[PDB]
């Protein structure tokens, strides 16, 4: 096996490719339509946000920028927001591009609160989305909540351009998952370490050259890059695996598929995303490859075909 050959295990897992499709549609819209579309989608999303994600040492990184924006006029604020959407090369857009996803999300959450408070320039009254933007908004509002929030997140994170430590949860307070059909400690402890933010232990489950493929992204290859990804993107998730299957693969490898739900700290139990994990484990029972997929619909939770 190579990483690229591992990518196709369990090939009839149907993923929610409407998400990258919809993001690509959003990417065609001009900056003002993008900002207005997100405003409308966000307001109409009946899902309340918790800002336990993006903590203090993290959000300290965007404080300077947020203080700059808070001192500009409504016209300068609008230009900055458009520079972000346009991925323009400006000092603030470069600052934004340096941040992790949760810092970017917390930044926009604060601007959104200030917009409802009149502290930051609002979407102009009586604004009309372009014909294409109106159709993108309608498509988003037809998606399952888990897909809606992934579209919004990825659009936010793609904006801009030109990590404090995470201490794991105390052992006594930790939960342990139960996965129907799966007894393998490498899979069980992948989930338990994730749920405890115990990334320095989790990385030891991988082969030295092992790879992790997040939803709609390319494989991240090797312990150094995977550990960096854990530390930067994976804090405070709740993984709720339900059921899985295991089967032998070529050369003494083992392939395992698990389905279940994931909650993000931004929405807690209010949004459950339907996920699959597809593992290829080495003969020594280490993770050579794991893919994490956002599933097309709840019907895919029952698709456990070997």
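Numbering follows the first chain given and starts at 1.
S.K.: Might you work out how many residues are unmodelled in the deposited sequence between residue 162 and residue 163, and answer none, 1 to 3, 4 to 9, or 10 or more?
M.R.: Per the record, 10 or more deposited residues are absent between residue 162 and residue 163.
S.K.: Higher mean Cα B-factor in the deposited model: 167-175 or 206-214?
M.R.: It is 167-175 that shows the higher mean C-alpha B-factor.
S.K.: Take the C-alpha B-factors listed in the entry for 93-101 and for 189-197, compute each mean, and give the stretch with the larger one.
M.R.: Mean CA B-factor is higher for 93-101.
S.K.: Comparing recorded Cα B-factors across 263, 254, 65, 259, which one is largest?
M.R.: Checking the PDB record, the top C-alpha B-factor among 263, 254, 65, 259 is at 65.
S.K.: Of 274, 246, 60, 27, which one's C-alpha B factor is largest in the deposited record?
M.R.: Top of the list by C-alpha B-factor: 60.
S.K.: Is the Cα B-factor recorded for residue 124 in the lowest, middle or highest third of its chain?
M.R.: Highest third of the chain for residue 124's C-alpha B-factor.
S.K.: Looking at the temperature factor on the CA atom of residue 222, which third of the chain's modelled residues does it land in?
M.R.: It falls in the middle third of the chain.
S.K.: Compare the C-alpha B factor of residue 42 with those of the other modelled residues in its chain, then answer lowest, middle or highest third.
M.R.: Its C-alpha B-factor belongs to the highest third of this chain's values.
S.K.: Once the chain's modelled residues are ordered by C-alpha B factor and cut into thirds, is residue 53 in the lowest, middle or highest one?
M.R.: Answer is highest: the recorded C-alpha B-factor places it there.
S.K.: Among the modelled residues of this chain, does the Cα B factor of residue 147 put it in the lowest, middle or highest third?
M.R.: According to the entry, residue 147 has a C-alpha B-factor in the chain's lowest third.
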